[PDB]
């Protein structure tokens, strides 16, 4: 499994960015969970938003109502739509995913340890 992010960049406070990740290595009917994590300059990696295999989501409190995670089935992309960006949102954002399950991947964990695959990370700067 490979995770390749795009859509990073920089905006003024109040702005918007749209992160995207196309996972390779899964089957068409693989049931897995996916998430967006970020790591600010001298801080631990933190879970931002996650979606499980049947489309339920969870978010870190600091981004609720501003960021939206979704999965485009037809395009095979995970999206993080980031609105109302703040300087505090500046970080390296990274996509993460789990192994696949037969029945369902119900987990919506925001803990890094719970993911099995990681992308390369993409810079977001708000200033």
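Numbering follows the first chain given and starts at 1.
If you average the C-alpha B-factors over 92-100 and over 41-49, the higher value belongs to 41-49.
Here the stretch with the larger average CA B-factor, out of 6-14 and 21-29, is 21-29.
In this structure the maximum Cα B-factor among 57, 62, 76, 68 is found at 76. Looking at the C-alpha B-factors along this chain, the one for residue 124 belongs to the middle third.
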